[PDB]
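Visitor: Provided herewith is a single structure, encoded as structure tokens, for subsequent inquiry.
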Amino acid sequence: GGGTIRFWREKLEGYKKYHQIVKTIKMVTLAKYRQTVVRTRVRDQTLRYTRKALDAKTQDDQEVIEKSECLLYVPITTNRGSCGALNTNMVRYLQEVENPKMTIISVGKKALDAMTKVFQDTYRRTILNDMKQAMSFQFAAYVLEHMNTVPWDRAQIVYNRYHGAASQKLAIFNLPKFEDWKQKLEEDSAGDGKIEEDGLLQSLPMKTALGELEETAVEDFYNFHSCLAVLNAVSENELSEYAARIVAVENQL
Amino acid sequence: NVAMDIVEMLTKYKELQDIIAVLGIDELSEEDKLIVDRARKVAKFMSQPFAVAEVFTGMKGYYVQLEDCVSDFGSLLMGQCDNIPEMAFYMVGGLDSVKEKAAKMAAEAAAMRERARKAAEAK
Amino acid sequence: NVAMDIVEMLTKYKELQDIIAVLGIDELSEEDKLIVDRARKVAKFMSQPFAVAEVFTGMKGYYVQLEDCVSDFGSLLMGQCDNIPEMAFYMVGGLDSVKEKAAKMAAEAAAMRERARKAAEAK
Amino acid sequence: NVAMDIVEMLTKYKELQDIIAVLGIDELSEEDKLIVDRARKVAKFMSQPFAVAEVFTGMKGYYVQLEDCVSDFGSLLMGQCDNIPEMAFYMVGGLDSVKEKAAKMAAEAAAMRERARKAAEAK
Amino acid sequence: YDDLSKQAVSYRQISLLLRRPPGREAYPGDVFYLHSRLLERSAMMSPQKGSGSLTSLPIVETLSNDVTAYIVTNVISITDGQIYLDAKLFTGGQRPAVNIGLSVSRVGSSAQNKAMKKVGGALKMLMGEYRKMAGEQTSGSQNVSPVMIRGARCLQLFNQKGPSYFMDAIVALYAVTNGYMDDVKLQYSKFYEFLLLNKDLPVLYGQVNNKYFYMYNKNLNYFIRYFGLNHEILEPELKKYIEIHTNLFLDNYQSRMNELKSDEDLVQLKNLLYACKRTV
Amino acid sequence: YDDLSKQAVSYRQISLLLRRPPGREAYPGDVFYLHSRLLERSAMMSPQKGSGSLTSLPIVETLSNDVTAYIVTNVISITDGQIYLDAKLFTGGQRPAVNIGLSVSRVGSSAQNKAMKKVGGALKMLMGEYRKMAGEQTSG
Amino acid sequence: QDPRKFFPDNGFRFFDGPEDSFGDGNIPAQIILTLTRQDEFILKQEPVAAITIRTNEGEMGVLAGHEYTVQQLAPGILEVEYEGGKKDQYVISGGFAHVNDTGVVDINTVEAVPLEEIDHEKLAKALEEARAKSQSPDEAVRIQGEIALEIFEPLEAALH
Amino acid sequence: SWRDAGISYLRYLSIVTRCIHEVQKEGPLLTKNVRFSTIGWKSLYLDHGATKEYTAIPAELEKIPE
């Protein structure tokens with residue numbers, strides 16, 4: 001039985017090569033995680049004022065389907081794997097919240113195939129950003145130029161929030177429609193200023209100062225702050241990709 | 001025609017064990033992790049308690065008839081039961097006993113949700 | 001120099017199936033993809049049909065001269081033939097027969113293209 | 001109890017050593033970098049010179065007893081000697097004797113300070 | 001010959017009781033001369049000696065899919081070819097469980113007839129590419145190449161239990177090598193063949209333009225075996241029989257097949273495909 | 001010596017033809033003594049004995065980069081170091097195709113000259129980091 | 001099925017915006033500035049004495065408890081003045097200033113670079129590049145030249 | 001002017017940023033921030049089985065979506 005020992009030796013040497021390969025993925029991952037952790041120290045400041053405009057009370061999902069006509073979802077997935085349950089939990093969330101009037105323009109290569117195979121017709125396409133350069137405001141603007149093609153009524157951005165090295169959870173931004181956001185702003189600017197949800201900030205002086213603001217500038221205010229929201233989604237999912245991959249690498253080892 | 005399929009599916013699951021133990025479940029196409037979720041169900045369903053091992057498993061022994069075995073595997077093979085969890089197939093005989101085990105598991109899960117609720121409210 | 005250069009290429013080619021089988025072609029530099037293409041082309045180029053194996057292959061063999069067996073390998077070594085596709089090298093003789101095969105594959109490529117157009121218009 | 005606490009300390013320091021390479025030393029809590037400093041003192045404290053190479057290297061060899069070593073490691077674990085620098089524990093023996101090196105290092109540092117101060121005040 | 005390993009085990013049982021010296025794996029050592037004395041008697045005699053012959057199909061048991069043991073290596077060393085039956089393929093659903101990349105024949109075209117040469121010369125070139133691509137999970141569900149189509153339909157056609165007449169195999173493989181059976185799906189490839197051999201659709205539905213070429217007479221083998229398909233007087237009739245079989249199937253049967261949703265009829269159709277996989 | 005493995009094969013052929021008792025890999029017992037009778041004659045003698053010296057460079061042929069073979073496992077236990085060559089590097093233009101990780105010289109510095117010690121002290125502290133970097137970095 | 005195993009938190013909650021009150025007291029003595037480019041801030045809640053913006057309507061200035069307002073930022077320079085009399089200039093690429101009655105500034109921009117890392121020499125070539133683009137009759141290049149000059153001319157006058 | 005030409009306010013900001021990154025001096029700041037202006041992404045929409053580029057919106061800033 002001189003063959004069985006060669007078969008087992010060959011499997012051993014294969015795994016021995018695979019070990020240094022996964023170790024090379026590990027070190028390459030830490031090379032960009034050390035680069036990207038710097039955002040964590042400079043985190044949670046660029047939307048200190050954006051939320052006061054677009055944030056809302058916890059809306060139900062069964063009501064907006066009846067109010068809306070064509071929803072929209074921006075799930076930000078990844079290009080290459082060994083990440084974890086990120087793309088999987090992001091797919092189980094959409095099928096968990098699936099509904100007839102929806103459409104998905106995602107990001108990342110895994111939402112190319114997974115969404116098309118679990119979501120036959122609702123999914124349309126995706127965007128792919130080669131990670132040779134850090135993301136830019138212009139990339140989020142390219143994402144808004146993709147979203148504007150659809151006459152969407154509410155855009156739910158989904159991404160991965162990095163709370164810590166051992167905490168890469170989900171997170172979302174609920175974006176109303178521009179016309180509907182302006183109607184909510186006009187309806188709110190009249191009545192008395194009262195918060196309808198705990199932890200929600202008052203915004204009446206802002207909604208009136210914006211009420212004086214002309215049309216083109218308010219449209220730039222909306223596309224701007226939605227661009228920052230999208231960009232924060234990308235930077236947070238990028239950090240979550242480089243944060244959970246190391247765990248799904250050391251477990252492979 | 002049922003047993004020929006059953007052998008085939010486990011044959012694929014064996015090929016995927018070399019990868020899942022390397023990478024994991026999440027690194028597979030939706031077809032593959034489906035076939036895994038179905039083959040884990042089958043292989044767990046292959047077990048049953050015998051009347052002799054009541055001392056060991058502490059469970060009453062079942063006598064699975066031939067016709068109900070083929071109707072169960074054929075139903076499990078065509079995806080007639082995919083929403084059912086994995087553990088409901090463990091150490092049982094007959095699909096009716098499976099769905100009663102699933103009912104017990106769902107009942108206990110809901111009961112622990114009410115219990116964690118009341119434990120949080122009192123706490 | 002040509003023989004040691006080629007062997008060094010194939011020596012790295014093995015270390016690239018170590019990686020491509022796991023990650024993919026996408027995780028490699030263009031200078032790595034180039035040597036991969038060259039090496040894979042060498043691996044298929046060095047094949048040859050023989051007139052004795054006409055019974056097996058059903059294809060005529062080629063008697064390749066030594067001198068012609070150097071300016072063709074070195075040509076592949078310095079990118080003289082990188083636009084040429086992969087399968088033009090498999091089971092052929094000198095580089096003249098290579099380009100003669102690439103013209104044929106491109107001819108049947110335009111064949112499948114015009115037949116696709118005619119099928120789309122017709123149906 | 002001293003030996004097994006040193007074992008748990010060194011094992012924990014090995015784990016934190018396998019985490020610092022990922023996050024950074026500052027990522028650790030106040031208690032974690034405490035035990036890291038203690039482990040960095042311990043592993044240096046394990047270093048002992050020898051009377052063998054005293055002619056070769058010049059340093060003296062210390063024959064430390066058992067009971068004296070236990071009281072030393074128990075002190076190094078109880079936190080009642082943490083202000084001493086790390087390098088003092090390198091290549092010495094006995095807690096009664098490392099402090100001679102610590103004081104010699106503090107005095108030599110104060111000497112270099114006074115030398116740099118007078119060198120700058122003279123000019 | 002059934003298990004030759006047992007013919008060596010008996011030789012071992014005898015020699016060792018006779019106080020002969022063992023060798024590798026406890027055999028006497030000269031077992032290679034045993035199998036050579038047996039198998040080299042297999043031959044094709046010259047016309048001087050009547051032009052007779054005798055073929056040998058010896059069977060050798062294998063343990064854990066190894067070819068490293070002593071006896072298996074001494075026998076493969078002698079025999080021309082070998083038909084490797086992999087349990088990983090047997091248990092994989094397909095039967096007979098031959099692994100073509102591991103199994104070869106050192107005769108080739110000179111054995112088979114004029115008609116099978118032109119087919120197998122394409123099938124080898126087909127599998128050479130399919131074996132390289134079939135490891136890929138099919139993602140180009142409509143952009144799947146013709147090779148990934150034909151190779152899989154060909155593997156489905158290989159599924160059998162009993163033997164098939166020569167005539168009833170060349171047409172089935174000609175349908176694939178030219179791409180006629182690329183529109184239907186993979187599962188129904190054998191039922192397509194079951195009609196192509198036993199239920200002539202154009203004879204039923206009146207699409208009778210072929211003068212002679214029909215798959216009921218069953219003696220056209222003796223013409224295919226002589227002339228071959230790639231001929232003046234059989235190519236066009238063959239094309240104007242297969243294109244009709246494809247049209248009648250894709251229009252009448254496939255249209256019904258995709259329209260089934262009930263589990264009671266689904267199971268019935270699945271068992272029908274399995275029956276056609278067995279009887280053919 | 002080019003080479004000892006065929007010397008052992010001959011000793012095997014003789015003992016087995018002489019009906020001597022075999023052992024592992026059909027070699028007799030004293031093959032480790034067969035080599036230790038030879039290699040230990042290699043030495044640096046004393047000034048009382050002429051200061052002579054006999055350097056031995058025994059060659060042995062591995063098979064598929066194995067070292068657990070009986071002969072190689074014995075000769076390594078005898079010699080004062082080894083040199084391990086790799087055909088994976090002989091093909092890659094690294095000629096000689098040494099393998100610095102597995103290659104050992106128990107006489108590290110005391111043999112070398114005054115000019116070489118300062119250099120090798122740097123080269124060890126260069127290749128020690130080269131291997132870690134080339135091993136962890138990607139290919140490209 | 002499982003009753004909605006997942007519950008993704010609304011990410012807006014992670015930020016702690018102000019509660020702009022109508023004011024039942026006095027005004028602060030110094031603005032609390034918070035400058036942010038694309039995602040990362042350069043200045044987080046720093047006390048500052050004054051700030052001078054460039055907008056489309058014109059050039060504005062701000063002090064503590066300035067009237068509640070929100071507006072664009074013209075592509076140009078931004079001046080800042082601490083309580084210590086010093087100054088800090090930042091070249092910017094558009095943005096939105098968010099001034100409050102409480103006295104708070106949230107200037108969200110795309111880019112924010114100090115003057116120290118800019119050379120007039122490299123700007124010089126880009127000037128005539130922008131002029132040639134503007135003079136090149138083409139809608140694809142004319143407006144690009146008009147915008148390039150729109151961003152160089154403030155720098156051209158700020159440097160001189 | 002540039003507004004009515006069809007370009008957006010976001011393309012306007014990105015163009016201005018792309019121009020500002022050119023003029024600033026060479027250093028670690030530019031070495032990092034050029035990443036924030038380089039265009040390297042793309043778009044794809046899945047066919048039945050094949051990949052194809054949804055090129056209805058160009059990534060370059062000079063063009064106009066349509």
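By convention here, the chains of the structure tokens are called A, B, ... in the order presented, each chain's residues are numbered starting at 1, and ligands are numbered starting at 1 in the order presented.
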For residue 103 of chain F, find every residue with an atom within 7 Å (counting only C-alpha atoms), except residues of its own chain fewer than 4 positions away, and show them as a list in words.

Guide: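 Near residue 103 of chain F, the qualifying residues are residues 82, 83, 84 and 99 of chain F.
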
Visitor: Given the selection you just returned, output its residues as a file containing N, CA and C atoms, formatted as a PDB file, in the first residue's frame.

Guide:
ATOM      1  N   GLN F  82      24.982  19.561   7.740  1.00  0.00           N
ATOM      2  CA  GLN F  82      24.517  19.033   6.468  1.00  0.00           C
ATOM      3  C   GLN F  82      24.337  20.187   5.498  1.00  0.00           C
ATOM      4  N   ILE F  83      24.123  19.830   4.239  1.00  0.00           N
ATOM      5  CA  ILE F  83      23.706  20.763   3.205  1.00  0.00           C
ATOM      6  C   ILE F  83      22.523  20.137   2.488  1.00  0.00           C
ATOM      7  N   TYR F  84      21.413  20.864   2.431  1.00  0.00           N
ATOM      8  CA  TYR F  84      20.168  20.369   1.866  1.00  0.00           C
ATOM      9  C   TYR F  84      19.891  21.130   0.584  1.00  0.00           C
ATOM     10  N   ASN F  99      19.209  25.141   0.316  1.00  0.00           N
ATOM     11  CA  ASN F  99      17.983  25.415   1.053  1.00  0.00           C
ATOM     12  C   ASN F  99      18.447  25.804   2.449  1.00  0.00           C
TER      13      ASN F  99
END

Visitor: Would you list which chain A residues are within 12 Å of chain B using only C-alpha atoms, as a PyMOL selection string?

Guide: chain A and resi 11+15+18-19+22+80-92+110-119+245+247-253

Visitor: So that I can see what lies close to segment 56-72 of chain F, please list as a JSON list (two decimals) with C-alpha atoms, in the first residue's frame the residues with an atom at most 10 Å from it, counting only C-alpha atoms and leaving out residues fewer than 3 positions away in the same chain.

Guide:
[["chain", "number", "residue", "atom", "x", "y", "z"],
["F", 1, "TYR", "CA", 32.22, 10.36, -1.57],
["F", 2, "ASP", "CA", 29.88, 10.06, -4.56],
["F", 3, "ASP", "CA", 28.10, 8.36, -2.92],
["F", 4, "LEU", "CA", 27.45, 6.49, 0.31],
["F", 5, "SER", "CA", 23.94, 5.26, -0.45],
["F", 6, "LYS", "CA", 25.36, 2.89, -3.05],
["F", 8, "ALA", "CA", 25.15, 0.84, 1.77],
["F", 24, "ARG", "CA", 15.09, -2.02, 8.46],
["F", 25, "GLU", "CA", 14.87, -1.55, 4.68],
["F", 27, "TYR", "CA", 19.92, -3.35, 5.70],
["F", 31, "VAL", "CA", 25.28, 0.02, 8.83],
["F", 32, "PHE", "CA", 25.30, 2.95, 11.25],
["F", 35, "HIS", "CA", 29.52, 4.78, 8.40],
["F", 38, "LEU", "CA", 34.51, 5.95, 8.29],
["F", 39, "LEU", "CA", 33.37, 9.48, 9.03],
["F", 40, "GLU", "CA", 34.88, 9.74, 12.51],
["F", 41, "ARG", "CA", 38.27, 9.18, 10.89],
["F", 42, "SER", "CA", 37.66, 12.70, 9.57],
["F", 43, "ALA", "CA", 39.00, 15.18, 12.09],
["F", 53, "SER", "CA", 43.16, 17.42, 9.00],
["F", 75, "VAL", "CA", 24.34, 10.06, 8.31],
["F", 76, "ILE", "CA", 22.71, 13.28, 9.49],
["F", 77, "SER", "CA", 22.97, 12.07, 13.08],
["F", 78, "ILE", "CA", 26.68, 11.43, 12.46],
["F", 79, "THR", "CA", 27.89, 14.45, 10.55],
["F", 82, "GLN", "CA", 24.52, 19.03, 6.47],
["F", 83, "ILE", "CA", 23.71, 20.76, 3.21],
["F", 84, "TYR", "CA", 20.17, 20.37, 1.87],
["F", 85, "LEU", "CA", 19.58, 20.97, -1.83],
["F", 86, "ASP", "CA", 16.19, 21.45, -3.47],
["F", 87, "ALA", "CA", 15.38, 20.69, -7.09],
["F", 88, "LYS", "CA", 12.56, 23.24, -6.87]]

Visitor: With a cut-off of 12 Å, could you pull out the residues of chain G touching chain B and give me the nearest pair of atoms for each, distance in Å to one decimal, using only C-alpha atoms, ordered by chain and ascending number, as a Markdown table?

Guide:
| residue | atom | partner | partner_atom | distance |
| --- | --- | --- | --- | --- |
| G:1 | CA | B:83 | CA | 7.1 |
| G:2 | CA | B:106 | CA | 9.3 |
| G:3 | CA | B:110 | CA | 10.2 |

Visitor: For C-alpha atoms, I'd like the residues from the last selection saved as a PDB file, in the first residue's frame.

Guide:
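out01.pdb written:
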ATOM      1  CA  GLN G   1     -40.349  30.755  10.115  1.00  0.00           C
ATOM      2  CA  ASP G   2     -38.290  32.842  12.527  1.00  0.00           C
ATOM      3  CA  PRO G   3     -39.896  36.189  13.490  1.00  0.00           C
TER       4      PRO G   3
END

Visitor: Restrict the distance test to only C-alpha atoms, flag each residue of chain E within 12 Å of chain B, and return the flagged residues as an MDAnalysis selection string.

Guide: chainID E and resid 87:95 137:139 262:264 266:275 277:278

Visitor: Run DSSP on the backbone and tell me which residues of segment 13-129 of chain F come out as helix (DSSP H, G or I); list them as a ChimeraX atom specification.

Guide: /F:13-17,24-26,31-39,47-49,70-78,87-90,114-129

Visitor: Do a neighbour search on residue 38 of chain E at 12 Å with only C-alpha atoms, toss out local chain neighbours closer than 4 positions, and write the hits as a PDB file with N, CA and C atoms, in the first residue's frame.

Guide:
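Everything below was put into part16.pdb:
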ATOM      1  N   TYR E   1     -12.834 -13.422 -17.462  1.00  0.00           N
ATOM      2  CA  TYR E   1     -12.292 -13.928 -16.218  1.00  0.00           C
ATOM      3  C   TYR E   1     -12.840 -13.088 -15.082  1.00  0.00           C
ATOM      4  N   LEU E   4      -9.220 -12.050 -10.860  1.00  0.00           N
ATOM      5  CA  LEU E   4      -7.907 -12.653 -11.005  1.00  0.00           C
ATOM      6  C   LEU E   4      -7.089 -12.534  -9.736  1.00  0.00           C
ATOM      7  N   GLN E   7      -7.340 -15.675  -8.295  1.00  0.00           N
ATOM      8  CA  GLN E   7      -6.481 -16.649  -8.945  1.00  0.00           C
ATOM      9  C   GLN E   7      -5.050 -16.526  -8.471  1.00  0.00           C
ATOM     10  N   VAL E  31       4.175 -14.368  -9.946  1.00  0.00           N
ATOM     11  CA  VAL E  31       2.785 -14.257 -10.350  1.00  0.00           C
ATOM     12  C   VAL E  31       2.652 -13.470 -11.645  1.00  0.00           C
ATOM     13  N   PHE E  32       3.618 -12.603 -11.938  1.00  0.00           N
ATOM     14  CA  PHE E  32       3.581 -11.889 -13.202  1.00  0.00           C
ATOM     15  C   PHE E  32       3.674 -12.863 -14.360  1.00  0.00           C
ATOM     16  N   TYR E  33       4.461 -13.926 -14.199  1.00  0.00           N
ATOM     17  CA  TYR E  33       4.517 -14.938 -15.239  1.00  0.00           C
ATOM     18  C   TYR E  33       3.221 -15.720 -15.305  1.00  0.00           C
ATOM     19  N   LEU E  34       2.489 -15.796 -14.196  1.00  0.00           N
ATOM     20  CA  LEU E  34       1.171 -16.415 -14.213  1.00  0.00           C
ATOM     21  C   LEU E  34       0.240 -15.641 -15.133  1.00  0.00           C
ATOM     22  N   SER E  42      -4.146 -14.588 -25.347  1.00  0.00           N
ATOM     23  CA  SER E  42      -5.124 -13.759 -26.034  1.00  0.00           C
ATOM     24  C   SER E  42      -4.472 -13.054 -27.213  1.00  0.00           C
ATOM     25  N   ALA E  43      -5.065 -13.191 -28.393  1.00  0.00           N
ATOM     26  CA  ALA E  43      -4.422 -12.697 -29.602  1.00  0.00           C
ATOM     27  C   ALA E  43      -5.396 -12.771 -30.765  1.00  0.00           C
ATOM     28  N   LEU E  54      -9.257 -14.478 -29.683  1.00  0.00           N
ATOM     29  CA  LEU E  54     -10.004 -14.541 -28.434  1.00  0.00           C
ATOM     30  C   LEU E  54      -9.680 -13.304 -27.625  1.00  0.00           C
ATOM     31  N   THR E  55     -10.710 -12.554 -27.278  1.00  0.00           N
ATOM     32  CA  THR E  55     -10.574 -11.389 -26.433  1.00  0.00           C
ATOM     33  C   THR E  55     -10.657 -11.804 -24.975  1.00  0.00           C
ATOM     34  N   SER E  56      -9.911 -11.093 -24.139  1.00  0.00           N
ATOM     35  CA  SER E  56      -9.912 -11.304 -22.701  1.00  0.00           C
ATOM     36  C   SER E  56     -10.412 -10.044 -22.023  1.00  0.00           C
ATOM     37  N   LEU E  57     -11.400 -10.205 -21.148  1.00  0.00           N
ATOM     38  CA  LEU E  57     -11.924  -9.121 -20.325  1.00  0.00           C
ATOM     39  C   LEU E  57     -11.746  -9.505 -18.864  1.00  0.00           C
ATOM     40  N   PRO E  58     -10.508  -9.592 -18.396  1.00  0.00           N
ATOM     41  CA  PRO E  58     -10.285  -9.937 -16.999  1.00  0.00           C
ATOM     42  C   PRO E  58     -10.759  -8.849 -16.067  1.00  0.00           C
ATOM     43  N   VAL E  75      -0.950  -6.628 -13.600  1.00  0.00           N
ATOM     44  CA  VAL E  75      -1.948  -6.889 -14.627  1.00  0.00           C
ATOM     45  C   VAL E  75      -2.073  -5.719 -15.584  1.00  0.00           C
ATOM     46  N   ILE E  78       0.411  -5.656 -18.248  1.00  0.00           N
ATOM     47  CA  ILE E  78       0.262  -6.598 -19.352  1.00  0.00           C
ATOM     48  C   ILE E  78      -0.833  -6.165 -20.309  1.00  0.00           C
ATOM     49  N   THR E  79      -2.012  -5.871 -19.775  1.00  0.00           N
ATOM     50  CA  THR E  79      -3.182  -5.634 -20.603  1.00  0.00           C
ATOM     51  C   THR E  79      -3.008  -4.396 -21.464  1.00  0.00           C
TER      52      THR E  79
END

Visitor: Contacts between chain C and chain F, please, where a residue of chain F counts if it comes within 12 Å (with only C-alpha atoms); show its shortest atom pair and distance in Å to one decimal, rows by chain and ascending number, as CSV.

Guide:
residue,atom,partner,partner_atom,distance
F:87,CA,C:11,CA,10.0
F:88,CA,C:11,CA,7.0
F:89,CA,C:11,CA,8.3
F:90,CA,C:8,CA,9.0
F:91,CA,C:8,CA,5.8
F:92,CA,C:8,CA,4.4
F:93,CA,C:8,CA,6.5
F:94,CA,C:8,CA,9.5
F:95,CA,C:4,CA,11.1
F:138,CA,C:28,CA,8.6
F:139,CA,C:28,CA,7.4
F:140,CA,C:29,CA,5.4

Visitor: Please produce a file of those selected residues containing N, CA, C and O atoms, as a short mmCIF file (atom, residue, chain, number, x, y, z; two decimals), in the first residue's frame.

Guide:
data_model
loop_
_atom_site.label_atom_id
_atom_site.label_comp_id
_atom_site.auth_asym_id
_atom_site.auth_seq_id
_atom_site.Cartn_x
_atom_site.Cartn_y
_atom_site.Cartn_z
N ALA F 87 15.53 20.62 -5.64
CA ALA F 87 15.38 20.69 -7.09
C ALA F 87 14.37 21.75 -7.50
O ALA F 87 14.40 22.20 -8.64
N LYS F 88 13.47 22.13 -6.59
CA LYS F 88 12.56 23.24 -6.87
C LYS F 88 13.32 24.53 -7.13
O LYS F 88 12.81 25.42 -7.83
N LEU F 89 14.52 24.67 -6.58
CA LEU F 89 15.35 25.84 -6.77
C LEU F 89 16.41 25.66 -7.85
O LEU F 89 16.82 26.64 -8.48
N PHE F 90 16.86 24.42 -8.07
CA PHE F 90 17.81 24.16 -9.15
C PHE F 90 17.20 24.45 -10.50
O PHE F 90 17.91 24.78 -11.45
N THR F 91 15.88 24.32 -10.60
CA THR F 91 15.16 24.65 -11.81
C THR F 91 14.91 26.15 -11.92
O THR F 91 14.80 26.67 -13.04
N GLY F 92 14.83 26.84 -10.79
CA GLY F 92 14.53 28.26 -10.79
C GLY F 92 15.74 29.16 -10.88
O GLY F 92 15.73 30.27 -10.36
N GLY F 93 16.79 28.69 -11.55
CA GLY F 93 17.99 29.48 -11.74
C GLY F 93 18.82 29.72 -10.50
O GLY F 93 19.82 30.44 -10.58
N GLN F 94 18.45 29.14 -9.36
CA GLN F 94 19.21 29.27 -8.13
C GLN F 94 20.19 28.11 -8.10
O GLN F 94 19.92 27.05 -7.55
N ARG F 95 21.35 28.32 -8.71
CA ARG F 95 22.34 27.27 -8.91
C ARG F 95 23.66 27.72 -8.32
O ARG F 95 24.30 28.64 -8.86
N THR F 138 3.02 38.82 -0.97
CA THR F 138 2.41 38.13 -2.10
C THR F 138 3.44 37.97 -3.21
O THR F 138 4.59 38.41 -3.11
N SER F 139 3.01 37.32 -4.30
CA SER F 139 3.86 37.10 -5.47
C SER F 139 3.38 38.08 -6.54
O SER F 139 2.55 37.74 -7.39
N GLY F 140 3.92 39.29 -6.49
CA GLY F 140 3.50 40.37 -7.37
C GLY F 140 3.46 41.71 -6.67
O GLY F 140 3.60 42.75 -7.32
#

Visitor: How would you write, as a list in words, the set of residues in chain F that DSSP gives as strand (DSSP E or B)?

Guide: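 Here is the list: residues 44, 53, 81, 82, 85, 98, 104 and 105 of chain F.
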
Visitor: Figure out the distance between atom CA of residue 5 of chain E and atom CA of residue 60 of chain E, please, to one decimal in Å.

Guide: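 So the answer is 6.1 Å.
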
Visitor: Show me, as an mmCIF file with C-alpha atoms, in the first residue's frame, the residues that have an atom within 8 Å of residue 64 of chain D when counting only C-alpha atoms, minus same-chain residues fewer than 5 positions from it.

Guide:
data_model
loop_
_atom_site.group_PDB
_atom_site.id
_atom_site.type_symbol
_atom_site.label_atom_id
_atom_site.label_comp_id
_atom_site.auth_asym_id
_atom_site.auth_seq_id
_atom_site.Cartn_x
_atom_site.Cartn_y
_atom_site.Cartn_z
ATOM 1 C CA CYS D 69 12.604 32.371 44.236
ATOM 2 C CA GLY D 93 18.905 36.497 39.980
ATOM 3 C CA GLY D 94 16.986 37.236 43.150
#

Visitor: For atom CA of residue 75 of chain G and atom CA of residue 16 of chain H, determine how far apart the two atoms are, in Å to one decimal place.

Guide: 7.4 Å

Visitor: Could you write out as a ChimeraX atom specification the residues of chain H within 10 Å of chain A, counting only C-alpha atoms?

Guide: /H:3,8-15,17-18,32-49,51-54,56-61,65-66

Visitor: Tell me, in Å to one decimal, how far atom CA of residue 76 of chain D is from atom CA of residue 104 of chain D.

Guide: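 Taking atom CA of residue 76 of chain D as the start and atom CA of residue 104 of chain D as the end point, the length is 19.9 Å.
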
Visitor: Specify as a PyMOL selection string all residues of chain H found within 6 Å of chain G, counting only C-alpha atoms.

Guide: chain H and resi 2+16-17+23-25+62

Visitor: Let me see the file: selected residues, N, CA, C and O atoms, as a compact mmCIF listing (two decimals), in the first residue's frame.

Guide:
# COMPACT_ATOMS: atom_id res chain seq x y z
N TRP H 2 -22.67 75.83 -16.67
CA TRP H 2 -22.48 74.41 -16.41
C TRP H 2 -23.72 73.74 -15.85
O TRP H 2 -23.88 72.53 -16.00
N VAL H 16 -14.25 69.90 -9.22
CA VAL H 16 -13.46 70.87 -8.47
C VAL H 16 -12.43 70.17 -7.60
O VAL H 16 -11.27 70.61 -7.51
N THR H 17 -12.82 69.08 -6.94
CA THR H 17 -11.89 68.34 -6.11
C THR H 17 -10.77 67.72 -6.95
O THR H 17 -9.59 67.73 -6.54
N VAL H 23 -3.10 70.77 -8.05
CA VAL H 23 -2.25 71.93 -7.79
C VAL H 23 -1.48 71.80 -6.48
O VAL H 23 -0.40 72.39 -6.33
N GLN H 24 -2.00 71.06 -5.51
CA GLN H 24 -1.36 71.02 -4.21
C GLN H 24 -0.02 70.28 -4.29
O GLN H 24 0.18 69.40 -5.13
N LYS H 25 0.90 70.67 -3.40
CA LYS H 25 2.26 70.16 -3.45
C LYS H 25 2.30 68.66 -3.19
O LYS H 25 1.34 68.05 -2.71
N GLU H 62 -16.65 64.55 -17.14
CA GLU H 62 -16.92 65.47 -18.24
C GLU H 62 -18.20 65.11 -18.98
O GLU H 62 -18.89 65.99 -19.49

Visitor: Hey, what's within 9 Å of residue 241 of chain E if we count only C-alpha atoms and toss same-chain stuff fewer than 2 positions away? As a list in words, please?

Guide: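 So the residues in contact are residues 202, 208, 209, 210, 213, 214, 236, 237, 238, 239, 243, 244, 245 and 246 of chain E.
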
Visitor: Give as a compact mmCIF listing (two decimals) with N, CA, C and O atoms, in the first residue's frame every residue of chain F that touches chain A within 8 Å, counting only C-alpha atoms.

Guide:
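Full text of iface-v9.txt as output:
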# COMPACT_ATOMS: atom_id res chain seq x y z
N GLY F 135 7.99 35.18 2.52
CA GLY F 135 6.98 34.20 2.85
C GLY F 135 5.63 34.83 3.11
O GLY F 135 4.60 34.26 2.75
N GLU F 136 5.62 36.01 3.74
CA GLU F 136 4.36 36.67 4.07
C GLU F 136 3.85 37.55 2.94
O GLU F 136 2.63 37.67 2.77
N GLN F 137 4.73 38.18 2.18
CA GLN F 137 4.32 39.00 1.05
C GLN F 137 3.73 38.15 -0.06
O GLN F 137 3.90 36.93 -0.11
N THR F 138 3.02 38.82 -0.97
CA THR F 138 2.41 38.13 -2.10
C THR F 138 3.44 37.97 -3.21
O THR F 138 4.59 38.41 -3.11
